[PDB]
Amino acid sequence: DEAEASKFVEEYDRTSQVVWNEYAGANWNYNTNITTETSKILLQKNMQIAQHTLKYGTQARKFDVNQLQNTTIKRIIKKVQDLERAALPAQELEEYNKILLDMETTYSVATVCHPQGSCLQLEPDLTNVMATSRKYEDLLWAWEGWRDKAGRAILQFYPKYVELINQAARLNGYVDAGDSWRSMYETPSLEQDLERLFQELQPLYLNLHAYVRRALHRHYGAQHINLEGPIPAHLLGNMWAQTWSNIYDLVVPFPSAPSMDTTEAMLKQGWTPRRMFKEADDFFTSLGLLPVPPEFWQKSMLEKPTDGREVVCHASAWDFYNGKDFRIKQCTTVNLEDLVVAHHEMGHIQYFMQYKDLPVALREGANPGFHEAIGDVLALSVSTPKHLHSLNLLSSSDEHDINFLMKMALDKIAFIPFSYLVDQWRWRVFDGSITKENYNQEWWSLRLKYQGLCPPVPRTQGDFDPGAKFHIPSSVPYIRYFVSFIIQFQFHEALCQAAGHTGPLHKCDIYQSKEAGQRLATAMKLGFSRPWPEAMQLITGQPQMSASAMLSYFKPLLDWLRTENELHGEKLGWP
């Protein structure tokens, strides 16, 4: 009966608002006031949402989705039959919940200490070391010590997590948890499509990699850099070598052309986290998109508090499932990286607002990549010389131009293979290809194959380097960021063209383009109501993911790199 399916999705939606609101409320109260009291309330709300998932999921499974006419009710009910972890029996779910809590807490309290002196946390202490030290050994101490204290301590938990997370997946009809995750894209050709895309970025990444490799050989010496080999994983300015912009100063194409201290200028000019978020809000409203509601300004946590309260710092954006209350929680630092991350979180928020009228089961991005790309699009524009000049964090030529593209490459191209490899790895863990006997070996095999990195210190039994990246102990899928990095350029190219921009794509700045706002709004309003190629068509006028836009943005940089690498006889890649 068509009418019994309408009634059920109606009830599911009313009761999910209540129960999902209560839980997000409590997970926030925890996340911005870690107590044991806020841990008790969080744990009680877990149960309550499991018990709601089970009730509604068991009812949804009694429907034959084959016999159901209405496509919206059909899609809603098929998602509700997926209970996730709530599929697990009582004991196993208790244990699943506790392992995730344990994993994340171990990552969060891990420090690295010097004998007789100070213990450094990841944020900001070790991050600063990796960003500003130019001494092999000091980079190594932080790189190895972070792996030693965070990675190794996670390993004890990881086999039981894989077993429970695959058990939930199988009870929802998937083969393993990697299957489940990939199913969010609704794209059977996903693994092929993804690989094609990564293969089109290889000329840019190999050329950038070779050139940076030569620059590290200049600074750190011939005995430490093989000009025909992988780069050591601790010399790229970042704990995971996922972005390389902190070594902009070793790799400047045109040192002759001086570029400003964005960070010194922000401090110098009395930039606060609040001003940083107000700039993002303004950019969105320049586009004709939506302003954050007053409530967001009052309830958000835009900076680390100083009232004693302890908090989880990792930047995240929060939907409270009532169409009114949205929040960012970020221990914002006053600089450029964090201004871009503020944009990224603000794009999460914009999406929440745009799709607040859909039923909650459709309150998600058209795919996870879409969710991650929105803010980055606005930020490509923010980061232009023309725009930074107008915030008065830059002054202002071809030299300046290649310099800008290099800065961008180090944040965008560099991240391409890293974002690809995380879930390459996890997918093989979940499918049983990789066992705990070779978690670590297979990590490094992929670090080599995709990124062209090696570990400065030979790894040993008990090492578990993936546990040293947040997203692994916290069980947050990562392929979304690879997708985002591709599609964000596609979105920029389209909005730029909507906005009437002529000439090279990288000089485009879309500030105040109502046309660009429109293209994005109508896609974001769709939520998860339709298969994603529809949202792509809306934005870009075609329905494929495509590296064309990215290659085109960096084309001047590719030309330069190729002439430069050729001039030095670089041998691209690494046997």
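From 1 onward, residues are counted along the sequence shown.
> Gap size between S396 and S397, counting deposited residues with no coordinates: none, 1 to 3, 4 to 9, or 10 or more?
The entry has 1 to 3 unmodelled residues between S396 and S397.
> So 309-317 or 338-346, which one's hotter by mean CA B-factor in the entry?
Looking at the record's C-alpha B-factors, the answer is 309-317.
> Taking the recorded C-alpha temperature factors, which stretch has the higher mean, 530-538 or 37-45?
Taking the mean B-factor of the alpha carbons in each, 37-45 is higher.
> Among the choices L155, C113, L410, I374, identify the one whose CA B-factor in the record is greatest.
Of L155, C113, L410, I374, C113 has the highest C-alpha B-factor.
> By the entry's C-alpha temperature factors, tell me which of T522, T53, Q512, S548 sits highest.
So the option with the highest C-alpha B-factor is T522.
> Going by the CA temperature factor in the PDB record, which third of the chain does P417 belong to: lowest, middle or highest?
Tercile = lowest for this residue's CA B-factor.
> Looking at the temperature factor on the CA atom of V9, which third of the chain's modelled residues does it land in?
It falls in the middle third of the chain.
> So where's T563 on the chain's Cα temperature factor ranking, which third?
Answer is middle: the recorded C-alpha B-factor places it there.
> Ranking the modelled residues of this chain by C-alpha B-factor as given in the entry, is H492 in the lowest, middle or highest third?
CA B-factor rank for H492: lowest third.
> Using the temperature factors of the C-alpha atoms in this entry, rank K356 within its chain: lowest, middle or highest third.
For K356, whose C-alpha B-factor we compare with every modelled residue in the chain, the answer is the highest third.
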